[PDB]
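> Sequence, then the experimental structure. Questions to follow.
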Protein chains: 8
Amino acid sequence: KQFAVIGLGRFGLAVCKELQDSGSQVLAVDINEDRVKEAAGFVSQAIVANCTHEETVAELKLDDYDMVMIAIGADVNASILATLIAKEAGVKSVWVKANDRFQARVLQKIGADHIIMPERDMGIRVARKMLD
Amino acid sequence: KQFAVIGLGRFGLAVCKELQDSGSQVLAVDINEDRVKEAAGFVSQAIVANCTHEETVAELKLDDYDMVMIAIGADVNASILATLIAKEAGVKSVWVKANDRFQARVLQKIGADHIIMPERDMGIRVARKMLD
Amino acid sequence: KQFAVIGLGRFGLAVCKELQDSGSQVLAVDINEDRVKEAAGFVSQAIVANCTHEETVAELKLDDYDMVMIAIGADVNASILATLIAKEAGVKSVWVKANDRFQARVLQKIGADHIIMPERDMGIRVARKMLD
Amino acid sequence: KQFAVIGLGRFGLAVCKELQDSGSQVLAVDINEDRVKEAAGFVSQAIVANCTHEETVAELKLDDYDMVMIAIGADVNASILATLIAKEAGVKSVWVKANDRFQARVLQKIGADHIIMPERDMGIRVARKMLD
Amino acid sequence: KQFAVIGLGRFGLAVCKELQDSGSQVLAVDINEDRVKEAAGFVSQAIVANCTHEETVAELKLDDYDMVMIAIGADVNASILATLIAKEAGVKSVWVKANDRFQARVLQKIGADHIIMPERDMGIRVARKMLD
Amino acid sequence: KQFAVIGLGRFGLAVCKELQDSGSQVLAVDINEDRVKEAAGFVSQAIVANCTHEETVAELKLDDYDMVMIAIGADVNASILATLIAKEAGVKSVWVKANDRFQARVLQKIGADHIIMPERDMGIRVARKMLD
Amino acid sequence: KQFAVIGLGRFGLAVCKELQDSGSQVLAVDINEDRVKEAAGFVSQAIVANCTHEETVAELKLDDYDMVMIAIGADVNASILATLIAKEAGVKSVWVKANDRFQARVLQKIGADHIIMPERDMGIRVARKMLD
Amino acid sequence: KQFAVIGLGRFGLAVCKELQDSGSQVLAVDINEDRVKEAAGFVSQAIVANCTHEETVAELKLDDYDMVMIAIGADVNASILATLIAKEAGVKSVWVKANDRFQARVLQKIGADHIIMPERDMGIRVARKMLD
Ligand SMILES: Nc1ncnc2c1ncn2[C@@H]1O[C@H](COP(=O)(O)OP(=O)(O)O)[C@@H](O)[C@H]1O
Ligand SMILES: Nc1ncnc2c1ncn2[C@@H]1O[C@H](COP(=O)(O)OP(=O)(O)O)[C@@H](O)[C@H]1O
Ligand SMILES: Nc1ncnc2c1ncn2[C@@H]1O[C@H](COP(=O)(O)OP(=O)(O)O)[C@@H](O)[C@H]1O
Ligand SMILES: Nc1ncnc2c1ncn2[C@@H]1O[C@H](COP(=O)(O)OP(=O)(O)O)[C@@H](O)[C@H]1O
Ligand SMILES: Nc1ncnc2c1ncn2[C@@H]1O[C@H](COP(=O)(O)OP(=O)(O)O)[C@@H](O)[C@H]1O
Ligand SMILES: Nc1ncnc2c1ncn2[C@@H]1O[C@H](COP(=O)(O)OP(=O)(O)O)[C@@H](O)[C@H]1O
Ligand SMILES: Nc1ncnc2c1ncn2[C@@H]1O[C@H](COP(=O)(O)OP(=O)(O)O)[C@@H](O)[C@H]1O
Ligand SMILES: Nc1ncnc2c1ncn2[C@@H]1O[C@H](COP(=O)(O)OP(=O)(O)O)[C@@H](O)[C@H]1O
Ligand SMILES: [Mg+2]
Ligand SMILES: [Mg+2]
Ligand SMILES: [Mg+2]
Ligand SMILES: [Mg+2]
Ligand SMILES: [Mg+2]
Ligand SMILES: [Mg+2]
Ligand SMILES: [Mg+2]
Ligand SMILES: [Mg+2]
């Protein structure tokens, strides 16, 4: 029912649009104001915040949210650090998007429940669509 | 079924491994010999070639393969040129990977049959999967 | 007659100066403010705008102008993007300058009506000129 | 009608292909060997030579030719040197392609009979085509 | 007193040279063979290995060592990954060099017992030397 | 005591924060106005200036200050030039941060009084700390 | 007795300094105002002008000067065109500084009375100094 | 009667050519193999080596040669490093080419015996030549 999406890039905004279509509350948060405005018309609540800030994550009660998606791609260090802060925040289910195999290794060990690699994961499905 | 995959990045090598694991024969083509060596381990045939060159594409005999996947990610110019050359060669089905909506629309004008956006489509799937 | 010229390099400023000298109103658009200032002296209206931006083109109202000339030379990606946006904005006649035979074919697929190769066409013209 | 073309870029090859189609003797000279091979199919004679070399220009015997087209654009200094060698060699009429106004004015001062600026001239001609 | 140093950079060699002079056993590990040869004459044992490889760290038996110093600075992801693997290997105390404040924040959350920032730490020491 | 710190990166701002916390008045100079702003918060006086310029250094009156710390790290040329100009200005004591042994030798020849290699000196410090 | 120096770089400023110290009239001309101001203290008259402009060279009675030094190095076209304009203006002796051998060839063919190549000529001079 | 010239630009090859023409035996050293090849035609011995590397200079045995000329022009860092290494190797007389006065002063501090600034010194020489 209630979801949170951190990082509103091309991947993160795509999650927000589909989540809203199924009638679910989505908290879209992004450091960049422009990207938050784009998702403002597609989510229940759009907030400009830095999710690397520990106190900011405390205020945004992410432990209440059923699932939290971290969709930060360019800065590998932010996604790793935001994943950790969400874990101490009490988030039971943490989904993290990783662009590299080395990042996906770190995220697995630090405790991410689901690691998403869009290029590798889309590669497998597109092959399956080609086969059938 | 015989497939041709152009570009051997994260998406291209994932499609080849899935298409070769499913029992199909794949021709992996890339300009980087390092990635061609990686693909040559499991693909039926791997060739180091430039797929924006008309004579080179004629040499690869891409019209024989029923489906041609172009997975050139960073170089949008190379992706569009490869799609154009493959379509002119007489490839029945051309699948192209696109990073943005503008590249996807240009490829639609070029004549690409299926266009895959890894980030957006993976976001849609992640949203559906979180919705269970 | 009203003409819109996008890109104010050596070719674009020559078209504007020739078009305006004949009594036609020209709109000169470029991202480089120096060349927009240089054209503003003799051009009916000069605007500093990015014509690959689809919302910006709607503001320019390029659908009103009878012919739109896109004279972006160095940036081929910007050339195809501007042609695509102009066609999607409902421009009846789009003339595009192309620096290569591969760019010209992509522009033909996009929907450009007249494509000018400055080096090749001027070569043919001077070859005819020397003969006669 | 006997012609010589120096520099076999896009412009030079276009002058060679139009001149040969009209049915006149053309000498194509270019420092780069594969461009000479490309032009050899069309022109009567294609020679790989350096036209900034005084003795080479003397051996080419360019004073016989009715018109000499110097189509070197990338390096302005090579085009200037070759115009003077040609004019010292005794060529009656020398046509030179210039990419910049500074190059065009230098070539006018040194004695080029015809200076071709493909961007400006094609700009004027394209504007005239747009008018009618 | 038995020590291990991972990463034979300028910081790593300085630790290795000072440790051996006192009379304690030092294991020097670096992915690059050239740097391992440099410390081969300055440590008890110098091994070329990849310390982000989980099985390799097990073979090295780093849990026997009293202290391990991870001195990988150029690639932030390797230092984080090596720190986690060392902690999982059972090492009691792990000293990690961090070049950036963002890296040091992650390493503290990971569990590194001592984070060394050479620019910040030497900045304080140098100032105190200026005082007296 | 009056101190002058040139370059306000990690080392330079750490020396200034320590010097001012110890009750000393420090001058912070940097070409990056962004970093001069953080220093100006806690530094007695902060100036945006280029310290490789002789007239600029004469304007700063660095000869008044007891010690001049030059903490230009990435640009070794700027570090050498700043040390040379400071010595020619007439400053009694110059402390220079050097990231290379060769740079340290060149600075010794120039006339620097104390040269700090943060990586190597921090390595020695850390080794001594682990030993005891 | 009376000299003119065009271009006030490192070479031209040295020419002006030596010429004025010897006791002669020197008209120092440079398009850049900073260098003209720098040479204003030394030379009899320092003028900011573009010597590529033909009317400016006509206004500056360079034909009255015994010798004219053209010391433009970076832009070869500027030096060639300034030499041509000075020769057309009636200057009997024109000394031109050339940085490359192709530029020297062009200047020799144009008609410059003296071509100065500082690196080669000092190469010979310091070789002779080393020998004796 | 034995000289070593480091760097084989226009200045370095001119010193070599003159030194070998006067009967002396020159060792030409450069990192660019093309210039070492062109110098090897007339110099006594030519070596492709990096002269900023301490062990390489020891292999070259530069202490044997009475005079060592360092003609590295573009890379000021390489010029300073080569001068330092040659001086610490035990070369009695080191001549260095310097582009600017700041590099010249740094080289004076390093220990260079003769410093040649080609532009300024040719300015002085040409001024004296025009005077009488
Ligand atoms: N600390 C952060 N807190 C919140 N959002 C962030 C943070 N760091 C990055 N983001 C956002 O995460 C998104 C991921 O985008 P990314 O793929 O990294 O770059 P790009 O937008 O260039 O493709 C961006 O919209 C970015 O603003
Ligand atoms: N003209 C071309 N012909 C064939 N392959 C190409 C061409 N241009 C790029 N490629 C390949 O396409 C692949 C796509 O790589 P890229 O998307 O840049 O990296 P990644 O997939 O790791 O993000 C590259 O490995 C590159 O070698
Ligand atoms: N996205 C864009 N929108 C509008 N104008 C552009 C865009 N990209 C490039 N231009 C303009 O097109 C002009 C022609 O480009 P170019 O061929 O590089 O210059 P020139 O024709 O003088 O060599 C440039 O002056 C540039 O400012
Ligand atoms: N010294 C020379 N003698 C003869 N031909 C030359 C010389 N220098 C250059 N050329 C030729 O002139 C041509 C100029 O073409 P250019 O405008 O550079 O085409 P492009 O811009 O596509 O490289 C080149 O193909 C080159 O081979
Ligand atoms: N996975 C790894 N396992 C072991 N050692 C590594 C690994 N990755 C990097 N290193 C080593 O860590 C050292 C850190 O060196 P660093 O000081 O960052 O290099 P630089 O001086 O070029 O910045 C490197 O010499 C490298 O060889
Ligand atoms: N000429 C100069 N005068 C003053 N400050 C300079 C000059 N050149 C560089 N700096 C500054 O000196 C500092 C050197 O630190 P640097 O190593 O570049 O960054 P960091 O230590 O943060 O990694 C930077 O703040 C840089 O902008
Ligand atoms: N058209 C011109 N008229 C007069 N002076 C010029 C002209 N073009 C360039 N100059 C001057 O000639 C000087 C020589 O330039 P250059 O050889 O590049 O010296 P530097 O490398 O120190 O800039 C430049 O400082 C420039 O100001
Ligand atoms: N570390 C080095 N060791 C030896 N030779 C060098 C080194 N660095 C540069 N050189 C050489 O010094 C020569 C002079 O440099 P440069 O001034 O760029 O050439 P030019 O005199 O043609 O402008 C170059 O040809 C270069 O190959
Ligand atoms: Mg994005
Ligand atoms: Mg990819
Ligand atoms: Mg143009
Ligand atoms: Mg060409
Ligand atoms: Mg290091
Ligand atoms: Mg620093
Ligand atoms: Mg200069
Ligand atoms: Mg030189």
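Cool, the structure landed. Numbering: from 1, shown residues only, chains lettered A, B, ... in the order given. Ligands and ions are numbered 1, 2, ... in the order given.
> Just the helices from chain A, written as ranges.
A:10-21, A:33-40, A:54-59, A:76-88, A:101-110, A:118-131 (DSSP state H).
> Which neighbouring elements make contact with the first one?
Right, the one you point to is helix A:10-21. Counting contacts by 3 or more CB pairs under 8 Å, 6 or more residues apart in numbering or on different chains; DSSP states H and E, helix A:10-21 packs against strand A:2-6, strand A:25-30, helix A:33-40, helix B:118-130. The C-beta positions use only the backbone N, C-alpha and C, and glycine is treated the same way.
> Dump these to a markdown table, plus distance to ligand 14 and mean neighbour count.
Shown next, in a markdown table, are the helices and strands packed on helix A:10-21 (distance: least, CB to the ion, whole Å; neighbours: other CB atoms under 10 Å in any protein chain shown):
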| stretch | distance to ligand 14 | mean neighbour count |
| --- | --- | --- |
| strand A:2-6 | 32 | 25 |
| strand A:25-30 | 31 | 24 |
| helix A:33-40 | 31 | 15 |
| helix B:118-130 | 36 | 21 |
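> so how far is ligand 7 from the closest residue to residue A:82 other than its chain neighbours?
For residue A:82, ignoring the flanking residues on the chain, the nearest one in space by CB to CB, 6 or more residues apart in numbering or on different chains is residue A:51 at 4.8 Å. Distance, residue A:51 to ligand 7, by CB to the nearest ligand atom, to the nearest Å: 50 Å.
> Run through the bridge partners of the closest residue to residue A:68 other than its chain neighbours.
Distance criterion CB to CB, 6+ apart; nearest residue to residue A:68, sequence neighbours excluded, is residue A:4 at 4.5 Å. For residue A:4, the beta-bridge partners under DSSP bridges are residue A:27, residue A:68.
> wait, what's in contact with residue A:4?
Contact partners of residue A:4, counting by CB atoms under 8 Å, 6 or more residues apart in numbering or on different chains, are A:26-27, A:29, A:60, A:62, A:65, A:67-69.
> do the same with residue A:23
With CB under 8 Å, 6+ apart, residue A:23 has no contacts at all.
> What separation is there between it and residue H:29?
Residue A:23 sits 76 Å away from residue H:29, going by CB to CB, to the nearest Å.
> Go through stretch A:68-78 and flag the buried ones.
A:68-73, A:76-78 (16 or more other CB atoms under 10 Å in any protein chain shown).
> okay, how far is it across that stretch, tip to tip?
For stretch A:68-78, the first-to-last residue distance is 15 Å (CA to CA, to the nearest Å).
> Is there proximity between that stretch and ligand 1?
Yes - judged by CB under 6 Å from any ligand atom, stretch A:68-78 comes into contact with ligand 1 through A:71-75, A:78.
> Would that stretch count as contacting ligand 9?
No - using CB under 5 Å from the ion, stretch A:68-78 stays clear of ligand 9, coming no nearer than 6.2 Å.
> which residues touch that stretch?
For stretch A:68-78, using CB under 8 Å, 6+ apart, the contacting residues are A:3-9, A:11-12, A:15, A:51-52, A:62, A:79, A:82-83, A:86, A:91, A:93-97, A:99-100, A:103, B:123, B:126, B:130, E:76-77, E:100, E:102-103, E:106.
> Next one: the residue of chain A at minimum distance from ligand 16 from chain H, what distance?
At 42.8 Å from ligand 16, residue A:74 is the closest residue in chain A, using CB to the ion. As defined by CB to the nearest CB, to the nearest Å, residue A:74 lies at a distance of 32 Å from chain H.
> got the phi/psi numbers for that residue?
phi -70, psi -50 (degrees, to the nearest 10).
> residues touching residue A:6, list them.
A:12, A:29-30, A:51, A:68-72, A:82, A:86.
> can you redo these as CSV with distance to residue G:116?
Supplementary listing: these in CSV, determined by distance: CB to CB, whole Å:
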residue, distance to residue G:116
A:12, 63
A:29, 66
A:30, 61
A:51, 64
A:68, 72
A:69, 69
A:70, 65
A:71, 63
A:72, 59
A:82, 64
A:86, 70
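> ok so, going back, now for the residues of stretch A:68-78 next to ligand 1, which pair is the farthest apart?
A:71 and A:75 (11.9 Å; CB to CB).
> With adjacent residues omitted, what lies nearest to residue A:90?
residue A:63 (3.5 Å).
> what's near enough to touch the one you found?
Per CB under 8 Å, 6+ apart, neighbours of residue A:63: A:89-92.
> What of residue A:117?
Residue A:117 neighbours (CB under 8 Å, 6+ apart): A:97-99, A:101, A:104, B:10.
> go with 7 Å
A:98, A:104 (CB atoms under 7 Å, 6 or more residues apart in numbering or on different chains).
> start to end distance for stretch A:40-50?
End to end - CA to CA - stretch A:40-50 spans 17 Å.
> Ignore what I typed, I meant stretch A:42-56.
From its first residue to its last, stretch A:42-56 covers 23 Å (CA to CA).
> now swap in stretch A:110-122 and tell me
End to end - CA to CA - stretch A:110-122 spans 24 Å.
> Next: stretch A:38-58.
25 Å.
> residue in chain A nearest to ligand 5?
residue A:102 (9.8 Å; CB to the nearest ligand atom).
> Around that residue, how many other residues sit close by?
Residue A:102: 16 surrounding residues under other CB atoms under 10 Å in any protein chain shown.
> In contact with it, which residues?
By CB under 7 Å, 6+ apart, the neighbours of residue A:102 are E:77, E:81.
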